[PDB]
$ cat work01.csv   # CSV, C-alpha atoms
chain,number,residue,atom,x,y,z
A,1,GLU,CA,149.7,78.8,243.8
A,2,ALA,CA,149.0,75.9,246.1
A,3,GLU,CA,145.3,75.6,245.4
A,4,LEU,CA,145.8,75.8,241.6
A,5,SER,CA,148.6,73.2,241.7
A,6,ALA,CA,146.3,70.9,243.6
A,7,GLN,CA,143.6,71.4,241.1
A,8,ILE,CA,146.0,70.6,238.2
A,9,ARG,CA,147.1,67.4,240.0
A,10,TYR,CA,143.6,66.3,240.4
A,11,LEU,CA,142.8,67.1,236.8
A,12,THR,CA,145.7,64.9,235.8
A,13,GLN,CA,144.1,62.1,237.9
A,14,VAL,CA,140.8,62.4,236.0
A,15,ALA,CA,143.0,62.4,232.9
A,16,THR,CA,140.3,63.6,230.5
A,17,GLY,CA,141.5,62.3,227.2
A,18,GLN,CA,139.4,62.4,224.0
A,19,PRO,CA,135.8,63.5,224.5
A,20,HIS,CA,133.2,61.2,226.1
A,21,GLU,CA,131.3,59.3,223.4
A,22,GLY,CA,128.2,59.8,225.6
A,23,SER,CA,124.9,61.2,224.4
A,24,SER,CA,121.4,61.3,225.7
A,25,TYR,CA,119.9,62.0,222.3
A,26,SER,CA,118.2,58.7,222.0
A,27,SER,CA,115.9,59.0,225.0
A,28,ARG,CA,115.3,62.6,224.0
A,29,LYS,CA,114.2,61.5,220.5
A,30,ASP,CA,111.9,58.9,222.0
A,31,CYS,CA,110.4,61.3,224.5
A,32,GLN,CA,109.8,63.9,221.9
A,33,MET,CA,108.1,61.2,219.9
A,34,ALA,CA,105.8,60.4,222.8
A,35,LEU,CA,105.0,64.1,223.3
A,36,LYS,CA,104.2,64.4,219.6
A,37,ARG,CA,101.9,61.3,220.0
A,38,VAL,CA,100.0,62.8,222.9
A,39,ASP,CA,99.8,66.1,220.9
A,40,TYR,CA,98.3,64.4,217.9
A,41,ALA,CA,95.8,62.5,220.2
A,42,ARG,CA,94.7,65.7,222.0
A,43,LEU,CA,94.3,67.4,218.6
A,44,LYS,CA,92.1,64.8,217.1
A,45,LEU,CA,90.1,64.6,220.3
A,46,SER,CA,89.4,68.3,220.2
A,47,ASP,CA,88.2,67.8,216.7
A,48,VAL,CA,85.8,65.0,217.5
A,49,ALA,CA,84.5,67.0,220.4
A,50,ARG,CA,83.7,69.9,218.1
A,51,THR,CA,81.9,67.5,215.8
A,52,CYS,CA,79.8,65.9,218.5
A,53,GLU,CA,79.0,69.4,219.8
A,54,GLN,CA,77.7,70.4,216.3
A,55,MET,CA,75.6,67.2,216.1
A,56,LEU,CA,74.3,67.8,219.6
A,57,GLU,CA,72.3,70.9,218.8
B,1,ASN,CA,48.0,52.3,221.6
B,2,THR,CA,46.2,49.3,220.4
B,3,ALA,CA,49.0,47.9,218.2
B,4,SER,CA,51.1,49.0,221.2
B,5,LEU,CA,49.1,46.5,223.2
B,6,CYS,CA,49.7,43.8,220.6
B,7,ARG,CA,53.4,44.3,220.5
B,8,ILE,CA,53.8,44.6,224.3
B,9,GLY,CA,51.8,41.5,225.0
B,10,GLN,CA,53.8,39.6,222.3
B,11,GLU,CA,57.0,40.6,224.2
B,12,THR,CA,55.4,39.6,227.5
B,13,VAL,CA,55.0,36.1,226.2
B,14,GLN,CA,58.7,36.0,225.3
B,15,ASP,CA,59.4,37.3,228.8
B,16,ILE,CA,57.3,34.5,230.2
B,17,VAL,CA,59.2,31.9,228.3
B,18,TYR,CA,62.6,33.3,229.1
B,19,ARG,CA,61.7,33.7,232.8
B,20,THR,CA,60.8,30.1,232.9
B,21,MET,CA,64.0,29.2,231.3
B,22,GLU,CA,66.0,31.0,233.9
B,23,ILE,CA,63.9,29.7,236.7
B,24,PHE,CA,64.7,26.1,235.7
B,25,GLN,CA,68.2,27.3,235.3
B,26,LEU,CA,68.4,28.5,238.9
B,27,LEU,CA,66.8,25.3,240.0
B,28,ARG,CA,69.4,23.2,238.2
B,29,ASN,CA,72.3,25.0,239.9
B,30,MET,CA,70.8,24.5,243.3
B,31,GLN,CA,73.0,22.7,245.8
B,32,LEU,CA,71.3,21.6,249.1
B,33,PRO,CA,74.0,22.8,251.4
B,34,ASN,CA,76.5,20.4,253.0
B,35,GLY,CA,77.6,25.9,253.4
B,36,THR,CA,74.5,27.8,254.4
B,37,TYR,CA,74.5,29.8,251.2
B,38,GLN,CA,70.8,30.8,251.2
B,39,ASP,CA,71.2,33.5,248.5
B,40,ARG,CA,70.0,30.8,246.1
B,41,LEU,CA,66.6,30.9,247.8
B,42,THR,CA,66.5,34.6,247.6
B,43,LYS,CA,67.0,34.7,243.8
B,44,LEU,CA,64.5,31.9,243.4
B,45,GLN,CA,61.8,33.7,245.3
B,46,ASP,CA,62.2,37.2,243.9
B,47,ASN,CA,62.4,35.5,240.4
B,48,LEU,CA,59.2,33.7,240.9
B,49,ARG,CA,57.6,36.9,241.7
B,50,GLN,CA,58.1,38.5,238.3
B,51,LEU,CA,56.4,35.5,236.7
B,52,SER,CA,53.3,36.2,238.8
B,53,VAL,CA,53.4,39.8,237.7
B,54,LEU,CA,53.6,39.0,234.0
B,55,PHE,CA,50.7,36.6,234.1
B,56,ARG,CA,48.3,39.2,235.3
B,57,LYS,CA,49.8,41.6,232.8
B,58,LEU,CA,49.1,39.1,230.1
B,59,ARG,CA,45.5,38.8,231.2
B,60,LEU,CA,45.1,42.6,231.1
B,61,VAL,CA,46.6,43.0,227.7
B,62,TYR,CA,44.7,40.1,226.3
B,63,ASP,CA,41.4,41.6,227.5
B,64,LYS,CA,42.3,45.1,226.1
B,65,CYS,CA,43.3,43.6,222.7
B,66,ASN,CA,40.3,41.4,222.2
B,67,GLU,CA,38.1,44.2,223.5
B,68,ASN,CA,37.4,44.7,219.7
B,69,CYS,CA,37.1,48.5,219.8
B,70,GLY,CA,34.5,48.8,217.1
B,71,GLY,CA,36.1,46.4,214.6
B,72,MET,CA,34.3,44.5,211.9
B,73,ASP,CA,37.3,42.4,211.0
B,74,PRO,CA,37.8,40.6,207.6
B,75,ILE,CA,39.4,37.2,207.7
B,76,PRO,CA,43.2,37.2,207.0
B,77,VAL,CA,42.6,36.1,203.4
B,78,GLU,CA,42.4,39.2,201.2
B,79,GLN,CA,44.8,40.9,203.6
B,80,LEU,CA,47.9,39.1,202.3
B,81,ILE,CA,47.5,41.0,199.0
B,82,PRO,CA,48.6,38.7,196.1
B,83,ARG,CA,51.6,61.4,208.2
B,84,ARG,CA,53.9,64.2,207.1
B,85,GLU,CA,55.0,64.4,210.7
B,86,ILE,CA,56.4,60.9,210.2
B,87,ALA,CA,58.4,62.2,207.3
B,88,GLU,CA,59.8,65.1,209.4
B,89,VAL,CA,60.8,62.9,212.3
B,90,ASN,CA,62.4,60.4,209.9
B,91,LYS,CA,64.4,63.2,208.2
B,92,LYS,CA,65.6,64.6,211.5
B,93,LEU,CA,66.6,61.1,212.5
B,94,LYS,CA,68.5,60.4,209.3
B,95,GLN,CA,70.4,63.6,209.7
B,96,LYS,CA,71.3,62.9,213.3
B,97,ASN,CA,72.4,59.5,212.3
B,98,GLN,CA,74.7,60.8,209.6
B,99,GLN,CA,76.3,63.2,212.0
B,100,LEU,CA,76.8,60.2,214.4
B,101,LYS,CA,78.5,58.4,211.6
B,102,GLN,CA,80.9,61.2,211.0
B,103,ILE,CA,81.8,61.0,214.7
B,104,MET,CA,82.2,57.3,214.5
B,105,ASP,CA,84.5,57.6,211.5
B,106,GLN,CA,86.6,60.2,213.3
B,107,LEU,CA,87.0,58.0,216.3
B,108,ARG,CA,87.8,55.0,214.1
B,109,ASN,CA,90.6,57.0,212.5
B,110,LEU,CA,92.0,58.1,215.8
B,111,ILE,CA,92.0,54.6,217.1
B,112,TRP,CA,93.7,53.2,214.0
B,113,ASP,CA,96.3,55.9,214.3
B,114,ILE,CA,97.0,55.5,218.0
B,115,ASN,CA,97.2,51.8,217.5
B,116,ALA,CA,99.6,52.1,214.7
B,117,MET,CA,102.0,54.2,216.7
B,118,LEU,CA,102.0,52.5,220.0
B,119,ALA,CA,102.0,49.0,218.5
B,120,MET,CA,104.9,50.2,216.4
B,121,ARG,CA,107.1,51.1,219.4
B,122,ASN,CA,105.3,50.3,222.6
$ encode --input "work01.csv" --output "structure tokens"
Amino acid sequence: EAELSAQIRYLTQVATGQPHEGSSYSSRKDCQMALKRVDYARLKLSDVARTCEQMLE
Amino acid sequence: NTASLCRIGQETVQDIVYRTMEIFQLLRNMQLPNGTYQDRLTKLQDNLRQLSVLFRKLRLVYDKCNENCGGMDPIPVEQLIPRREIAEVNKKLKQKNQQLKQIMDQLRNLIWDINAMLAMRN
């Protein structure tokens, strides 16, 4: 009983109203964009390597 | 290699003139320390050496070209005009060039692309 009551008192202190209008989705979208960029670059690079290999016969 | 002699000597004369140009250049920059730089003298000497080399080279190529290896030459007038292996090597070269141009185009596209993105938001 004592521990749970103390927890409830603390939770009142934090007071936890409406949800936190906090989101990390912006940085996530940006970082996914960067990963997609490096993916496109690596893809096209694999392609140009294939081409130069062919020519290099 | 006769026409080779002609062209190489031609280029040696340009090399003569350009070496003289840079020699006077180096002389102009000279400083007469007031310093102890001394690297100037090094470049001057080892530069002057190449000139000496090229002169003997020119004498040699001149001799070999006016050697006149059995040639009954006609005067320039009437020359102004008023083998399969060549074809094969030319064809192979043109093909390799085309492939190189595909490669260059691919790289161009990649560079345009990477530029578009980063410059858009980086």
$ residues_around --input "work01.csv" --residues "residue 45 (chain A)" --least-positions-apart "4" --cutoff "12 Å" --atoms "all atoms listed in the file" --output "list in words"
residues 38, 39, 40, 41, 49, 50, 51 and 52 of chain A; 103, 106, 107, 108, 109, 110, 111 and 114 of chain B
$ write_last_selection --input "work01.csv" --atoms "C-alpha atoms" --output "short mmCIF file (atom, residue, chain, number, x, y, z; two decimals), in the frame of the given file"
data_model
loop_
_atom_site.label_atom_id
_atom_site.label_comp_id
_atom_site.auth_asym_id
_atom_site.auth_seq_id
_atom_site.Cartn_x
_atom_site.Cartn_y
_atom_site.Cartn_z
CA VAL A 38 100.00 62.80 222.90
CA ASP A 39 99.80 66.10 220.90
CA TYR A 40 98.30 64.40 217.90
CA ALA A 41 95.80 62.50 220.20
CA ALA A 49 84.50 67.00 220.40
CA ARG A 50 83.70 69.90 218.10
CA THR A 51 81.90 67.50 215.80
CA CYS A 52 79.80 65.90 218.50
CA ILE B 103 81.80 61.00 214.70
CA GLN B 106 86.60 60.20 213.30
CA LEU B 107 87.00 58.00 216.30
CA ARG B 108 87.80 55.00 214.10
CA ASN B 109 90.60 57.00 212.50
CA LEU B 110 92.00 58.10 215.80
CA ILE B 111 92.00 54.60 217.10
CA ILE B 114 97.00 55.50 218.00
#
$ axis_aligned_box --input "work01.csv" --around "region 32-49 of chain B" --padding-each-side "3 Å" --output "JSON"
{"center_x": 67.6, "center_y": 28.8, "center_z": 247.4, "size_x": 26.0, "size_y": 22.8, "size_z": 20.0}
$ closest_residue --input "work01.csv" --among "B:96, B:57, B:40, B:84" --to "chain A" --atoms "all atoms listed in the file"
B:96
$ interface_residues --input "work01.csv" --of "chain B" --to "chain A" --cutoff "12 Å" --atoms "only C-alpha atoms" --output "MDAnalysis selection string"
chainID B and resid 92:118 120:122
$ closest_residue --input "work01.csv" --among "B:44, B:72, B:58, B:80" --to "residue 24 (chain B)" --atoms "all atoms listed in the file"
B:44
$ residues_near_point --input "work01.csv" --point "(55.9, 38.2, 225.3)" --cutoff "12 Å" --atoms "all atoms listed in the file" --output "ChimeraX atom specification"
/B:5-19,51,54-55,57-59,61-62
$ atom_distance --input "work01.csv" --atom1 "CA of residue 2 (chain B)" --atom2 "CA of residue 69 (chain B)"
9.2 Å
$ atom_distance --input "work01.csv" --atom1 "CA of residue 28 (chain B)" --atom2 "CA of residue 47 (chain B)"
14.3 Å
$ atom_distance --input "work01.csv" --atom1 "CA of residue 21 (chain A)" --atom2 "CA of residue 6 (chain A)"
27.7 Å
$ decode --input "work01.csv" --residues "region 25-48 of chain A" --atoms "C-alpha atoms" --output "mmCIF file, in the first residue's frame"
data_model
loop_
_atom_site.group_PDB
_atom_site.id
_atom_site.type_symbol
_atom_site.label_atom_id
_atom_site.label_comp_id
_atom_site.auth_asym_id
_atom_site.auth_seq_id
_atom_site.Cartn_x
_atom_site.Cartn_y
_atom_site.Cartn_z
ATOM 1 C CA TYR A 25 9.238 11.837 -37.453
ATOM 2 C CA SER A 26 10.949 14.782 -39.134
ATOM 3 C CA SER A 27 14.511 13.657 -38.581
ATOM 4 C CA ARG A 28 13.387 10.156 -39.460
ATOM 5 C CA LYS A 29 12.000 11.238 -42.813
ATOM 6 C CA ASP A 30 15.191 13.129 -43.514
ATOM 7 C CA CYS A 31 17.438 10.214 -42.587
ATOM 8 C CA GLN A 32 15.393 7.801 -44.645
ATOM 9 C CA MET A 33 15.802 10.229 -47.521
ATOM 10 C CA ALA A 34 19.562 10.208 -47.064
ATOM 11 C CA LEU A 35 19.625 6.436 -46.970
ATOM 12 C CA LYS A 36 17.575 6.358 -50.143
ATOM 13 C CA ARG A 37 20.059 8.758 -51.709
ATOM 14 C CA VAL A 38 23.051 6.601 -50.904
ATOM 15 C CA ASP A 39 21.080 3.601 -52.123
ATOM 16 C CA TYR A 40 20.440 5.233 -55.480
ATOM 17 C CA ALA A 41 24.082 6.229 -55.750
ATOM 18 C CA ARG A 42 25.341 2.737 -54.969
ATOM 19 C CA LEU A 43 22.891 1.314 -57.481
ATOM 20 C CA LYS A 44 23.957 3.538 -60.339
ATOM 21 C CA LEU A 45 27.578 2.892 -59.418
ATOM 22 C CA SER A 46 27.125 -0.837 -59.658
ATOM 23 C CA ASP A 47 25.648 -0.197 -63.089
ATOM 24 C CA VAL A 48 28.526 1.913 -64.390
#
